[PDB]
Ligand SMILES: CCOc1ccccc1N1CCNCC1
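Starting off, we have a lone chain in the form solved without the named molecule, written out as structure tokens.
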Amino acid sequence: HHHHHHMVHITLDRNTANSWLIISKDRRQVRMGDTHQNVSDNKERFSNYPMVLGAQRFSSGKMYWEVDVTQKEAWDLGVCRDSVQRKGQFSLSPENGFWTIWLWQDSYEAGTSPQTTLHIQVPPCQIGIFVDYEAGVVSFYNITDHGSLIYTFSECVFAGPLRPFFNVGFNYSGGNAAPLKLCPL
């Protein structure tokens, strides 16, 4: 792909984070802690899952960023509406305001409803995410495999400002402690 020149500097919004997450000083890395991280509750925090939003809001234009997923067993990545539900249980779907892919149990899937199987020959260590607001497109790229396409959501109905979306996943297995990292431009 040739989307790299739309690169944006994403930072994580502490206020939106699940209370077990640990975000680095530079706001560029996040991991699952082994306990509550001693923050007050607020209506922005994702309560049920290890999720956090980027601080940046997008309502026009083309945007690109990259995320490092090295040695993780589970994660979700993409974008979402600023007004997605924070509390309780929900599915990641465009109907609920999410445009995402994930790794789960050794398979990759796109967060359609129902979910869609992805075909990845080279397990990615870094994921590229491209948003074209005007066109209604969200695309995912395999940076480890020379930028090959993973998935395109088209005919997107964003219906609001968009925020970068992250889920570090649970660590029930003891094999999923590694962070998500926003990669330098």
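In case it trips you up, residue 1 is the first one in the sequence shown, and so on.
Omitted here: the form deposited with the named molecule bound. The next part is about that form.
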item: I150, heavy atom within 4.5 angstroms of the named molecule in the entry with it bound; value: no
item: Proximity of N18 to the named molecule in the entry with it bound, heavy atoms at 4.5 Å; value: yes
item: Contact flag, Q56 vs the named molecule in the entry with it bound, heavy atom cut 4.5 Å; value: no
item: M32, heavy atom within 4.5 angstroms of the named molecule in the entry with it bound; value: yes
item: In the entry with it bound: members of 143-177 within 4.5 Å of the named molecule, any heavy atom; value: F170, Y172
